[PDB]
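Take a look at the structure below.
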Amino acid sequence: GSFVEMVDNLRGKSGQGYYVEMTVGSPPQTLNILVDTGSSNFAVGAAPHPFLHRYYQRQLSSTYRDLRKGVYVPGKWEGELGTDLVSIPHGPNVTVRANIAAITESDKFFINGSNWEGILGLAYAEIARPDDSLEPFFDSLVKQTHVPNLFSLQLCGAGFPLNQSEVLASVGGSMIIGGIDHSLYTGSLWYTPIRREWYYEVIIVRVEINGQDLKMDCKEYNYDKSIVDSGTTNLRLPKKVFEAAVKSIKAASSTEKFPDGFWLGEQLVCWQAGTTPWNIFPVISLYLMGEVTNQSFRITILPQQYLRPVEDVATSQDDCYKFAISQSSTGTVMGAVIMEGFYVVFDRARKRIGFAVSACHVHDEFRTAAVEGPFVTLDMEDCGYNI
Ligand SMILES: COc1cccnc1N1C[C@H]2C(=O)N(C)C(=N)N[C@@]2(c2cc(-c3cccc(C#N)c3)cs2)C1
């Protein structure tokens, strides 16, 4: 651990997302910002809202600069573009001038109960709004300082429900800006290439449920793209993959029958305190393209990752969960479900993403999450989808 100042600087949980503290303006205005590798805009609440107890007040910042340009993002929010000095208290010790979308209008964006007031898009300029000319925060940070072009994330799921007070006092993980902290993982780090720089796109080449090959044309796994997104709660899979995966997961866990509502992620399932039958649920392995030709590696998660802990409607002593794997019509999304099992390194400098077993992943005495390799795999480029 060579970045102790950034270790444990995150708070939150999968369902609400994870945020880091930041400051904007002069004098500095403190705000909690959601860490989102699935977008590329730095946007903060900049006007009163029922669900916000604080917001960015441009008129109180001497360093605020108006860009005289609006921005609309369909939930959804509308705002006014500008720039200001920004810092991350528990981050690198620098201050940078970055673009800021001051949110003045929003719909279903801010969440009552949540403790965040803005969002930090860490992806590339290609997907920034209004267009790619709006330099993302990390791009500004790297251009203005000596911080290495790389960040890593350790999202820590508690393994049980966290009430209002607990989620505010608990450590939700770490975001290491400009480096890799060895205390956040065990074993080796394995890297998969960033196919293209817009979202953090990757290529999945094989999928297994308890070692059994899902056996689909690998292109299906990346239709129409596969990305790593801290801003998504679930592990989302393309419609056809979801259907096959669910069929296989039901088959593996067939000793117990669950209602359709459970598999749709709509209703929770509960078990007497401490008796969750983790062992009847299968582990899930995603093989990713390796850095070497014809070579792949796999990341394996447990039901402790894909069954999201939720508080029982009667706040009883039962341990309850919701199925956190769902379908997508926009490709595979490796959200918090996947990320909570691993320390993820976004090596922008070498256009690659690293995975290592997380020091904080939830498991039992019989199984653990894993990152293993290498495996001989052919025609992996063919697994990538082309419009
Ligand atoms: C390309 O997408 C964007 C362009 C410009 C501005 N915002 C964008 N977003 C898309 C949105 C989206 O659907 N995903 C999945 C995403 N990763 N980020 C966006 C948003 C994420 C959230 C949000 C809120 C609360 C918890 C979690 C949790 N966990 C995520 C609110 S908007 C921001």
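Scheme for the structure tokens: letters A, B, ... for chains in order shown; per-chain residue numbers from 1; ligand numbers from 1 in order shown.
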Kindly provide the residues of segment 41-139 of chain A that approach segment 151-159 of chain A to within 12 Å, each paired with its closest atom pair and their distance in Å to one decimal, based on only C-alpha atoms, listed by chain and increasing number, as a tab-separated table.
residue	atom	partner	partner_atom	distance
A:91	CA	A:151	CA	10.8
A:92	CA	A:151	CA	11.0
A:122	CA	A:151	CA	9.3
A:123	CA	A:151	CA	11.2
A:138	CA	A:151	CA	9.2
A:139	CA	A:151	CA	11.8
Restricted to N, CA, C and O atoms, what would the selected residues look like written as a short mmCIF file (atom, residue, chain, number, x, y, z; two decimals), in the first residue's frame?
data_model
loop_
_atom_site.label_atom_id
_atom_site.label_comp_id
_atom_site.auth_asym_id
_atom_site.auth_seq_id
_atom_site.Cartn_x
_atom_site.Cartn_y
_atom_site.Cartn_z
N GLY A 91 -7.21 12.35 -1.87
CA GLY A 91 -6.75 11.94 -3.18
C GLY A 91 -5.38 12.52 -3.43
O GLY A 91 -4.63 12.75 -2.49
N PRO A 92 -5.02 12.76 -4.70
CA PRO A 92 -3.70 13.33 -4.96
C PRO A 92 -3.73 14.74 -4.39
O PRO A 92 -4.80 15.35 -4.29
N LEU A 122 -15.64 9.07 -15.24
CA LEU A 122 -14.24 8.76 -15.46
C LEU A 122 -13.89 8.15 -16.81
O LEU A 122 -12.73 7.80 -17.05
N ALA A 123 -14.87 7.99 -17.69
CA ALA A 123 -14.61 7.40 -19.01
C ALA A 123 -14.02 8.45 -19.97
O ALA A 123 -13.66 9.55 -19.55
N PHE A 138 -10.68 13.51 -15.53
CA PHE A 138 -9.41 12.81 -15.43
C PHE A 138 -8.41 13.28 -16.49
O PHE A 138 -7.21 13.32 -16.23
N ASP A 139 -8.91 13.63 -17.67
CA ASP A 139 -8.06 14.12 -18.74
C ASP A 139 -7.41 15.44 -18.29
O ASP A 139 -6.23 15.68 -18.54
#
**Request:** Apply DSSP to the structure's backbone, then extract all residues of segment 90-200 of chain A labelled alpha helix (DSSP H) and return them as an MDAnalysis selection string.
**Result:** chainID A and resid 137:144 164:169
**Request:** Kindly compile the residues surrounding ligand 1 within 9 Å, counting only C-alpha atoms and all ligand atoms, and format them as an NGL selection string.
**Result:** :A and (13-18 or 34-43 or 72-77 or 108-111 or 114 or 116 or 119-121 or 123 or 127-130 or 199 or 229-234 or 333 or 335-336)
**Message:** Considering only strand (DSSP E) as DSSP defines it on the backbone, what residues of segment 194-346 of chain A qualify? List them as a ChimeraX atom specification.
**Reply:** /A:201-202,204-209,212-213,226-228,235-238,269-271,284-289,295-301,307-310,319-323,325-328,332-334,342-346
**Asked** In terms of the shortest atom-to-atom distance over only C-alpha atoms, which of A:126, A:291, A:8, A:117 is closest to residue 54 of chain A?
**Response** A:117
**Request:** Do a neighbour search on segment 342-346 of chain A at 7 Å with only C-alpha atoms, toss out local chain neighbours closer than 6 positions, and write the hits as JSON, numbers by chain.
**Result:** {"A": [150, 151, 152, 153, 154, 184, 185, 352, 353, 354, 355, 356, 357, 358]}
Would you save the residues from that selection as an mmCIF file, in the first residue's frame, using N, CA, C and O atoms?
data_model
loop_
_atom_site.group_PDB
_atom_site.id
_atom_site.type_symbol
_atom_site.label_atom_id
_atom_site.label_comp_id
_atom_site.auth_asym_id
_atom_site.auth_seq_id
_atom_site.Cartn_x
_atom_site.Cartn_y
_atom_site.Cartn_z
ATOM 1 N N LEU A 150 -3.782 6.811 -14.748
ATOM 2 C CA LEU A 150 -4.335 5.547 -14.287
ATOM 3 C C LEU A 150 -4.991 5.709 -12.920
ATOM 4 O O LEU A 150 -4.556 6.525 -12.104
ATOM 5 N N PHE A 151 -6.063 4.958 -12.693
ATOM 6 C CA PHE A 151 -6.738 4.964 -11.403
ATOM 7 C C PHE A 151 -7.241 3.547 -11.172
ATOM 8 O O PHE A 151 -7.407 2.775 -12.119
ATOM 9 N N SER A 152 -7.450 3.192 -9.913
ATOM 10 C CA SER A 152 -7.922 1.857 -9.589
ATOM 11 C C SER A 152 -9.051 1.961 -8.579
ATOM 12 O O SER A 152 -9.107 2.902 -7.778
ATOM 13 N N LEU A 153 -9.964 0.999 -8.641
ATOM 14 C CA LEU A 153 -11.120 1.001 -7.764
ATOM 15 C C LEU A 153 -11.349 -0.301 -7.013
ATOM 16 O O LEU A 153 -11.290 -1.390 -7.590
ATOM 17 N N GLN A 154 -11.607 -0.169 -5.719
ATOM 18 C CA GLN A 154 -11.919 -1.306 -4.874
ATOM 19 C C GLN A 154 -13.288 -0.983 -4.277
ATOM 20 O O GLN A 154 -13.389 -0.190 -3.345
ATOM 21 N N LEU A 184 -4.932 -3.694 -1.350
ATOM 22 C CA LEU A 184 -6.345 -3.858 -1.694
ATOM 23 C C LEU A 184 -6.694 -5.168 -2.407
ATOM 24 O O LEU A 184 -7.865 -5.438 -2.681
ATOM 25 N N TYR A 185 -5.687 -5.979 -2.705
ATOM 26 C CA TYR A 185 -5.929 -7.242 -3.385
ATOM 27 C C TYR A 185 -4.968 -8.349 -2.979
ATOM 28 O O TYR A 185 -3.964 -8.109 -2.311
ATOM 29 N N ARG A 352 -5.366 -0.750 -20.922
ATOM 30 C CA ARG A 352 -5.726 -2.060 -20.395
ATOM 31 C C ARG A 352 -6.407 -1.948 -19.033
ATOM 32 O O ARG A 352 -6.246 -0.952 -18.330
ATOM 33 N N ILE A 353 -7.171 -2.975 -18.670
ATOM 34 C CA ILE A 353 -7.868 -3.000 -17.385
ATOM 35 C C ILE A 353 -7.413 -4.229 -16.607
ATOM 36 O O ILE A 353 -7.401 -5.349 -17.137
ATOM 37 N N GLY A 354 -7.022 -4.016 -15.353
ATOM 38 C CA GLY A 354 -6.558 -5.119 -14.537
ATOM 39 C C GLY A 354 -7.566 -5.612 -13.518
ATOM 40 O O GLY A 354 -8.365 -4.836 -12.987
ATOM 41 N N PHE A 355 -7.516 -6.913 -13.249
ATOM 42 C CA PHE A 355 -8.397 -7.553 -12.276
ATOM 43 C C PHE A 355 -7.587 -8.401 -11.310
ATOM 44 O O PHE A 355 -6.699 -9.150 -11.721
ATOM 45 N N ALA A 356 -7.898 -8.280 -10.026
ATOM 46 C CA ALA A 356 -7.244 -9.069 -8.990
ATOM 47 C C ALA A 356 -8.301 -9.322 -7.925
ATOM 48 O O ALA A 356 -9.203 -8.502 -7.744
ATOM 49 N N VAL A 357 -8.206 -10.455 -7.233
ATOM 50 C CA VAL A 357 -9.171 -10.768 -6.180
ATOM 51 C C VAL A 357 -9.136 -9.671 -5.119
ATOM 52 O O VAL A 357 -8.073 -9.340 -4.580
ATOM 53 N N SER A 358 -10.299 -9.103 -4.825
ATOM 54 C CA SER A 358 -10.376 -8.025 -3.851
ATOM 55 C C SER A 358 -10.176 -8.477 -2.419
ATOM 56 O O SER A 358 -10.718 -9.495 -1.981
#
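By only C-alpha atoms, and with residues fewer than 6 positions from residue 21 of chain A along its chain excluded, the set lying at most 6 Å from it is residues 31, 32 and 33 of chain A.
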Write the residues you've just listed into a file as a JSON list (two decimals), in the first residue's frame, and include C-alpha atoms for each of them.
[["chain", "number", "residue", "atom", "x", "y", "z"],
["A", 31, "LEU", "CA", -19.62, 17.74, -2.09],
["A", 32, "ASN", "CA", -19.98, 13.96, -2.28],
["A", 33, "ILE", "CA", -19.46, 12.69, -5.81]]
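Minimum atom-to-atom distance to residue 86 of chain A, evaluated using only C-alpha atoms, belongs to A:25 out of A:70, A:136, A:25, A:172.
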**Item:** Spatial neighbours of residue 203 of chain A, 8 Å, only C-alpha atoms, chain gap at least 3 places, as a list in words
**Value:** residues 192, 193, 195, 222, 225, 226, 288, 289, 383 and 384 of chain A
**Request:** Determine, counting only C-alpha atoms, which protein, DNA and RNA residues have an atom within 9 Å of an atom of residue 147 of chain A; residues of the same chain fewer than 4 positions away are not included. Present the result as JSON, numbers by chain.
**Result:** {"A": [92, 94, 141, 142, 143, 177, 178, 179]}
**Item:** Selected residue of minimal separation from residue 60 of chain A among A:235, A:324, A:24, A:246, counting only C-alpha atoms
**Value:** A:24
Exercise: residue 196 of chain A partners within 10 Å, only C-alpha atoms, chain neighbours under 6 positions left out, as a PDB file with N, CA and C atoms, in the first residue's frame:
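And here is the file that came out, part_31.pdb:
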ATOM      1  N   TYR A 124     -13.937   8.113 -21.252  1.00  0.00           N
ATOM      2  CA  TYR A 124     -13.324   9.014 -22.229  1.00  0.00           C
ATOM      3  C   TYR A 124     -14.190  10.105 -22.857  1.00  0.00           C
ATOM      4  N   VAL A 202     -14.460  -3.876 -23.072  1.00  0.00           N
ATOM      5  CA  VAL A 202     -13.632  -5.068 -23.007  1.00  0.00           C
ATOM      6  C   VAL A 202     -14.269  -6.174 -23.840  1.00  0.00           C
ATOM      7  N   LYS A 351      -3.654   1.331 -22.043  1.00  0.00           N
ATOM      8  CA  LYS A 351      -4.906   0.888 -22.653  1.00  0.00           C
ATOM      9  C   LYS A 351      -5.301  -0.529 -22.229  1.00  0.00           C
ATOM     10  N   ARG A 352      -5.366  -0.750 -20.922  1.00  0.00           N
ATOM     11  CA  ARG A 352      -5.726  -2.060 -20.395  1.00  0.00           C
ATOM     12  C   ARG A 352      -6.407  -1.948 -19.033  1.00  0.00           C
TER      13      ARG A 352
END
